[PDB]
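Please read the structure below before turning to the comments.
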Amino acid sequence: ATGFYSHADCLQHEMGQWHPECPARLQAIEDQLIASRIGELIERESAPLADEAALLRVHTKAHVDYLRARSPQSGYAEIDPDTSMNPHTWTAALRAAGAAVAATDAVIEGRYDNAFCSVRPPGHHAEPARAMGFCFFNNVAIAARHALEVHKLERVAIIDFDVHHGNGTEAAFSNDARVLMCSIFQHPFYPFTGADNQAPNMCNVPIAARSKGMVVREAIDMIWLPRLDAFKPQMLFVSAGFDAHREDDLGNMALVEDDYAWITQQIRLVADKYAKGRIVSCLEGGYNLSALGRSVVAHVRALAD
Ligand code: NA
Ligand SMILES: [Zn+2]
């Protein structure tokens, strides 16, 4: 069984009408789960609020206190040129991190074989002391650190296939031998890091603009899988971003739904080998509403196989 974590509060976050990281991203996912009838092989779960101790396993106290103080009573408060808080962003971000924590508790406990968190705002750009690029708290990193420190797991792997490099995840874990990060990312591209001075636990593969899926499959098969087979992670955490899609206006790569299906199958195989199938996956980016819905459904269906 596959758990599906979301919350209505996540729709209340918005950063202006023009902004592509918008509430209709979550509604597009809901519509496609209906039109595909794949919403019937998952169990719906409500995301809880993340508590401070969950956040402080990843972020600094000043980071958390800043966003709490920055949360506006009305209008918007700017974070960076394309990231702002509205009076709902704080609650939404707690739900997004909350989802990832609670999915982790449910998978380790054996309630679900795996889970997906259909949540907003995304996480993987949020460094321990830097909110940026639509991200406030690093949902995936917070979930992995939950499994390490609370459930006392010894080894976890983070898979990030968003088009943008997960700088936030690299900045959290470059001294943490219990974590392996495997990723693909468009290069050179925002956030313009991740290609150099890679810690030994960082397996982040730069990908050229306009690359199609066969380049990513080759990269995953020849580079990720031997790292993962050597590491044997006891659980897998997924920064499931779908903006490397051919139809995405914010990326310049050319994946399609079948690629996301194929990638998820690999994640399943690694998890079945070493992790008792335990996977938690969190929505990152992905901005064409039709292709986002279609790509999340292909991902989710491969999790429920
Ligand atoms: Na990435
Ligand atoms: Zn992205």
Side-chain angles (χ1 to χ4, degrees), residues 13 15 19-22 25-26 28-29 79-83 93 96 117-127 130-141 144 157-174 179-196 198-199 201-209 211 213 215-217 219-220 223-224 227-228 236-255 259-260 263-264 266-267 281-289 291-293 295-296 299:
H13 171 54
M15 309 175 291
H19 202 300
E21 202 296 84
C22 61
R25 294 179 64 244
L26 296 172
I29 292 165
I79 297 308
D80 85 5
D82 53 20
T83 311
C117 308
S118 190
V119 295
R120 271 183 81 245
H124 75 147
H125 290 322
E127 297 173 5
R130 199 186 175 166
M132 59 175 268
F134 316 167
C135 302
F136 300 80
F137 305 122
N138 193 336
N139 309 319
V140 170
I158 296 177
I159 313 305
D160 189 336
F161 53 74
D162 191 285
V163 76
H164 304 105
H165 172 55
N167 62 296
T169 306
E170 184 181 11
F173 296 124
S174 275
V179 186
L180 170 74
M181 187 181 169
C182 293
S183 86
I184 58 164
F185 69 97
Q186 198 181 314
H187 175 67
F189 206 56
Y190 183 93
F192 303 103
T193 67
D196 307 281
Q198 296 183 346
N201 66 331
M202 295 289 161
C203 182
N204 300 316
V205 168
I207 298 288
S211 292
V215 177
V216 171
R217 292 194 200 194
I220 287 184
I223 299 173
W224 290 10
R227 277 304 263 291
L228 289 164
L236 273 73
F237 298 88
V238 190
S239 275
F242 301 89
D243 40 14
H245 195 286
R246 182 187 43 87
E247 297 168 12
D248 201 286
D249 284 288
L250 272 65
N252 298 87
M253 284 174 59
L255 268 37
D259 296 318
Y260 294 116
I263 290 168
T264 303
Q266 302 304 283
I267 294 160
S281 184
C282 310
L283 181 63
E284 301 291 356
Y287 302 99
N288 178 288
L289 298 177
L292 175 66
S295 293
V296 177
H299 175 61

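Order of appearance sets the numbers: ligands from 1, and atoms from 1 within every ligand. Positions are given from 1 along the sequence.
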Is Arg130 atom CZ crowded by more than 12 heavy atoms from other residues, nucleotides or ligands, each under 6.0 Å away?
-> no
So the angle subtended at the Zn ion (ligand 2) by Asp243 atom OD2 and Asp162 atom OD1, rounded to 10 degrees, is 100°
For the residue pair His164 and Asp162, confirm or rule out a side-chain donor-acceptor distance under 3.5 Å.
-> yes
For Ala240, enumerate each residue passing the side chain to side chain contact (heavy atoms under 4.5 Å, CB included) test, keeping only those at least two apart in sequence or located in another chain.
-> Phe116, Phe161, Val238, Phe242, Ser281, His299
How about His124: does one of its N, O or S atoms come closer than 2.8 Å to the Zn ion (ligand 2)?
-> no
Please name all residues satisfying salt bridge (charged side-chain N to carboxylate O under 4.0 Å, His left out) with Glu247, sequence neighbours left out, ordered by chain then number.
-> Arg294
Residue-atom pairs from the protein, N, O or S only, that lie under 3.0 Å from the Na ion (ligand 1) | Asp162 O, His164 O, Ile184 O
Kindly give the atom name of the N, O or S atom of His164 closest to the Zn ion (ligand 2).
-> ND1
Where is the tightest heavy-atom contact between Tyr260 and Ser295, given as atom of each residue plus distance?
-> CD1-OG, 3.6 Å
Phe189 and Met253: CA distance, side-chain angles, deciding distance, side-chain contact (heavy atoms from CB on, under 4.5 Å) verdict = CA-CA 11 Å; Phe189 206 56; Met253 284 174 59; over 6 Å; no
Listed partners of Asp160 passing side-chain hydrogen bond (donor to acceptor under 3.5 Å, both in side chains), at least two apart | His124
Donor-acceptor pair, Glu21 side chain versus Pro121 backbone, under 3.5 Å?
-> no
State whether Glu284 contributes an N/O/S atom found under 2.8 Å from the Zn ion (ligand 2).
-> no
